[PDB]
Amino acid sequence: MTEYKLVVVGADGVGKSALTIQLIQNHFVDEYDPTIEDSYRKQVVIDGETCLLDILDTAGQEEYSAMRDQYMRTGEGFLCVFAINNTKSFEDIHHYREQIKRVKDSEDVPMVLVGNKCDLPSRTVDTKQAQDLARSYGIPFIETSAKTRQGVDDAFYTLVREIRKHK
Ligand SMILES: Nc1nc2c(ncn2[C@@H]2O[C@H](COP(=O)(O)OP(=O)(O)CP(=O)(O)O)[C@@H](O)[C@H]2O)c(=O)[nH]1
Ligand SMILES: O=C1NCCc2c1[nH]c1c(-c3ccoc3)cccc21
Ligand SMILES: [Mg+2]
């Protein structure tokens, strides 16, 4: 069975855990329980292929930044999440991309830019500005909501397709 190693990264509070738990369990976590590092293994069918998704839900708290080196070496694709109402999380994206590129020693790492919390009216990052950043990196961009499930399956399945197409 083809196995895909996905890593969910981004600033503290953007909704990494809520996105992962929505994808796998189909419900929304309202509480904010900061992550150290959790992992999940889930079988899914993507484009008629039974896939094993190995999903690593990482820490956004900068206190755990030394753990990034290990997961960036082993991860095959990265879901780079910011929240549409948190401009600092959007600026933090570039730092995660640069770190991943350095650890892999490559500019062609499978990645998807995710603008989460798109259900909220408190937007601070225009969709066009995020589209422009994703175009500069050569990666897909999707807006998501862990509350409504908008874009959630597409974000994860697009990342699988980016890994599959790169190999
Ligand atoms: N309205 C809304 N709230 C969201 C969304 N995704 C997450 N949240 C909320 O944001 C808060 C943080 O979510 P969480 O999933 O813990 O974020 P995280 O990025 O994993 C936090 P850490 O980096 O510390 O592990 C929670 O209150 C959660 O309900 C979303 O799409 N919409
Ligand atoms: O190497 C592994 N052996 C088998 C079990 C396993 C391995 N990596 C995993 C990850 C993961 C994703 C990105 O990096 C690591 C997530 C969940 C389970 C994993
Ligand atoms: Mg978390």
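All residue numbers refer to positions in the sequence shown, counting from 1. Atoms within each ligand, like the ligands themselves, are counted from 1 in listed order. Heavy-atom basis, side chains included; hydrogens, waters and symmetry copies ignored.
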Taking [atom] as the reference point, the nearest protein heavy atom with its distance:
atom                    : value
atom 21 (C) of ligand 1 : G13 N, 3.5 Å
atom 16 (O) of ligand 1 : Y32 CD2, 4.1 Å
atom 11 (C) of ligand 2 : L56 CB, 4.1 Å
atom 5 (C) of ligand 2  : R41 CZ, 3.6 Å
atom 7 (C) of ligand 2  : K5 CE, 3.8 Å
atom 3 (N) of ligand 1  : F28 CZ, 3.6 Å
atom 22 (P) of ligand 1 : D12 OD1, 3.5 Å
atom 13 (C) of ligand 2 : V7 CG2, 3.2 Å

Judged by heavy atoms only, the candidate from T74, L6, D38, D54 nearest atom 16 (C) of ligand 2 is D54
Between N116 and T144, do the side chains contain an N or O donor and an N or O acceptor separated by less than 3.5 Å?
-> yes
Check whether the side chains of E143 and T127 place a donor and an acceptor atom closer than 3.5 Å, and report yes or no.
-> yes
What about [X]: any of its N or O atoms under 3.5 Å from an N or O on ligand 1?
X    : answer
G10  : no
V14  : yes
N116 : yes
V29  : yes
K16  : yes
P34  : no
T35  : yes
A146 : yes

Atoms of ligand 1 less than 4.0 Å from [X] heavy atoms?
X    : value
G60  : 23 (O)
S17  : 15 (O), 20 (O)
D119 : 1 (N), 2 (C), 30 (C), 31 (O), 32 (N)

In terms of ring plane angle, is the pair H94 and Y137 parallel, tilted or perpendicular, where the classes change at 30° and 60°?
-> parallel
Decide yes or no for [X] and [Y]: does some side-chain heavy atom of the first lie under 4.5 Å from some side-chain heavy atom of the second?
X   : Y    : value
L6  : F156 : yes
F82 : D92  : no
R68 : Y96  : yes
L52 : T2   : no

Of the side chain and backbone of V81, name the one, both, or neither that has a heavy atom under 4.0 Å from an atom of ligand 1.
-> neither
Treating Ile, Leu, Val, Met, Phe, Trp and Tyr as nodes and any side-chain heavy-atom pair under 4.5 angstrom as an edge, say whether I142 and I46 lie in one connected cluster.
-> yes
Gap separating the OG1 atom of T148 from the CD atom of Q22, nearest 0.5 angstrom | 8.0 Å
Whether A11 lies under 4.0 Å from ligand 1, heavy atom | yes
Is the closest heavy atom of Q22 to ligand 1 under 4.0 Å?
-> no
Chi angles and distances behind the salt bridge (charged side-chain N to carboxylate O under 4.0 Å, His left out) call for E91, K88 | CA-CA 5 Å; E91 294 177 356; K88 184 170 187 296; over 6 Å; no
Is a salt bridge present between [X] and [Y], judged by a nitrogen-to-oxygen distance below 4.0 Å?
X    : Y    : value
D57  : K16  : no
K167 : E162 : no
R164 : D47  : yes

From atom 3 (N) of ligand 2, is the closest protein heavy-atom distance below 4.0 Å?
-> no
